[PDB]
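**Student:** Enclosed are the sequence and the experimentally obtained structure.
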Amino acid sequence: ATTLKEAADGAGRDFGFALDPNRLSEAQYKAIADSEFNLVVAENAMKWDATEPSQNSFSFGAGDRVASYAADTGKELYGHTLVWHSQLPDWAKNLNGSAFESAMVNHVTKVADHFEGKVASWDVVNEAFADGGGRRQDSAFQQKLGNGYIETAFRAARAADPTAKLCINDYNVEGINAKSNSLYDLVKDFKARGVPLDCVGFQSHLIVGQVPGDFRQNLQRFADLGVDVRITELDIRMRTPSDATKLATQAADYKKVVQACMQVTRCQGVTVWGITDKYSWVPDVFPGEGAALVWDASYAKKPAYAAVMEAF
Ligand SMILES: O[C@@H]1[C@@H](O)[C@H](O[C@@H]2CCNC[C@H]2O)OC[C@H]1O
């Protein structure tokens with residue numbers, strides 16, 4: 001193959017990227033987007049703050065641009081994300097009780113309905129658990145609504161879009177730990193009772209040199225619960241600036257991740273959280289860290305590129 005897209009296509013899997021619609025006007029950016037991936041997800045365009053800035057007042061412009069791009073270039077469309085504690089507007093945080101639950105249900109319904117027939121899969125709920133096990137402790141949904149908001153969100157999502165794959169997504173759940181176990185119990189519960197749930201997303205925002213050795217094992221146990229699995233926000237950050245050894249390790253790490261997916265028949269594919277290090281979210285969140293993507297700030301393919309192709 002000559003592109004990661006062909007390599008992924010050939011393996012009967014998806015290889016996507018997190019898109020920023022504004023960057024499409026940058027031809028280099030769009031050139032790589034057009035030919036290196038077969039799936040696209042909105043990095044921010046479909047989140048609550050970008051879609052419902054005022055109560056029951058939606059702005060689908062950016063989200064629609066992302067959907068149009070996927071349809072125009074023949075890529076699968078992945079929705080991110082309907083319920084998340086972060087990037088939630090103040091108006092919603094100022095609500096509580098039935099008023100808040102109402103706002104959440106309305107958000108899920110309206111956004112799912114708007115993209116019905118376009119978005120193939122949805123991260124209905126994102127980052128619901130806590131490192132160390134149990135539910136997230138700094139979430140407006142967990143605090144104001146309790147354990148049941150997850151189930152409520154999925155059922156409402158299914159009520160709105162009866163065919164889309166409904167997923168739950170999270171990070172630090174790549175390996176088998178207290179966090180992935182709490183997630184596991186939830187998914188098992190849902191499938192046991194018929195709560196609509198079709199997939200589980202493993203963000204995979206890893207650190208160079210630290211890829212969970214039981215990633216494959218973990219993906220398989222979830223897949224065996226009767227649900228699809230997917231690497232959704234892959235990037236492997238390092239201390240900047242990069243050098244040959246760091247880039248070599250990063251490459252091996254990308255290979256380990258993609259191979260873990262290739263080894264689980266129900267692993268739909270791998271989505272990297274961005275195209276170029278030039279725009280990666282890492283530097284601003286993890287000062288001193290970066291160079292986490294497949295293409296560097298000058299759009300040159302990094303060693304990670306070859307590793308991804310051989311892993312597929
Ligand atoms: O631009 C940044 C995004 O990349 C970031 O996306 C999150 C990364 C962590 N996993 C959940 C994703 O939505 O969100 C913050 C934004 O500033």
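**Tutor:** Perfect, I can see it now. Numbering: from 1, shown residues only.

**Student:** how about stretch 37-53: buried residues?
**Tutor:** Residues of stretch 37-53 classed as buried: 37-48, 50-52 (neighbour count, 16 or more other C-beta atoms under 10 Å). Every residue, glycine included, has its C-beta placed from N, CA and C.

**Student:** repeat for stretch 299-307
**Tutor:** Quick answer for stretch 299-307 (16+ other C-beta under 10 Å): 302-305, 307.

**Student:** Which members of these occur in helices, if any?
**Tutor:** 303-305, 307 (DSSP state H).

**Student:** could you redo those residues as a markdown table and give each row distance to the ligand?
**Tutor:** Output for these, formatted as a markdown table (distance: C-beta to the nearest ligand atom, whole Å):
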| residue | distance to the ligand |
| --- | --- |
| 303 | 23 |
| 304 | 18 |
| 305 | 21 |
| 307 | 22 |
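
**Student:** what's the spacing between residue 126 and the ligand?
**Tutor:** Between residue 126 and the ligand the distance is 6 Å, computed by C-beta to the nearest ligand atom, to the nearest Å.

**Student:** where does that residue fall, phi/psi-wise?
**Tutor:** With angles defined as degrees, to the nearest 10, residue 126 sits at phi -120, psi 130.

**Student:** element containing the nearest residue to residue 89 once chain neighbours are set aside, please.
**Tutor:** Among residues not flanking residue 89 along the chain, residue 49 sits closest, at 5.3 Å (C-beta to C-beta, 6 or more residues apart in numbering). Per DSSP states H and E: residue 49 is located in helix 48-51.

**Student:** wait, what's in contact with residue 96?
**Tutor:** residue 144 (C-beta atoms under 8 Å, 6 or more residues apart in numbering).

**Student:** same deal with residue 106?
**Tutor:** residue 56 are the contacts of residue 106 under C-beta under 8 Å, 6+ apart.

**Student:** rerun that using 10 Å as the cut-off
**Tutor:** Residue 106 makes contact with 52, 55-56, 156, according to C-beta atoms under 10 Å, 6 or more residues apart in numbering.

**Student:** doesn't it fall inside a strand?
**Tutor:** No - applying DSSP: H, G, I helix; E, B strand; the rest coil, one finds residue 106 to be helix, outside a strand.

**Student:** hang on, the earlier thing: do you know how far the residue nearest to residue 89 is from residue 67?
**Tutor:** Taking C-beta to C-beta, to the nearest Å as the measure, residue 49 falls 18 Å from residue 67.

**Student:** How about residue 272?
**Tutor:** As judged by C-beta to C-beta, residue 272 and residue 67 stand 20 Å apart.

**Student:** Please identify which of these two sits among more neighbours.
**Tutor:** For the pair residue 272 and residue 67, the greater number of neighbours falls to residue 272 (29 against 23), based on other C-beta atoms under 10 Å.

**Student:** Spit out the contact partners of residue 119.
**Tutor:** With C-beta under 10 Å, 6+ apart, residue 119 has these contacts: 41-42, 46, 63, 66-67, 70, 76-80, 82, 111-112, 161, 164-165.

**Student:** Of those, which belong to strands?
**Tutor:** Residues of those located in strands (DSSP state E): 41-42, 76-80, 82, 165.

**Student:** Most widely separated two among the residues you listed?
**Tutor:** 76 and 82 (17.7 Å; C-beta to C-beta).

**Student:** higher neighbour count, these two?
**Tutor:** Neighbours were counted for residue 76 and for residue 82 using other C-beta under 10 Å; residue 82 has more, 28 against 18.

**Student:** looking at it, that one is touching residue 113, isn't it?
**Tutor:** No - with contact defined as C-beta atoms under 10 Å, residue 82 does not reach residue 113; the gap is 11.2 Å.

**Student:** which neighbours do those two share?
**Tutor:** The contact lists of residue 82 and residue 113 share 157, 160, where a contact means C-beta under 10 Å, 6+ apart.

**Student:** I'd like to know how far the residue nearest to residue 89 sits from residue 62.
**Tutor:** From residue 49 to residue 62 the distance is 11 Å (C-beta to C-beta).

**Student:** go on, residue 219?
**Tutor:** 32 Å.

**Student:** These two: which is more packed in?
**Tutor:** residue 219 (22 against 18).

**Student:** Just give the nearest non-adjacent residue to the more buried one, would you?
**Tutor:** Excluding its sequence neighbours, the residue lying closest to residue 219 (C-beta to C-beta, 6+ apart) is residue 264, at 4.5 Å.
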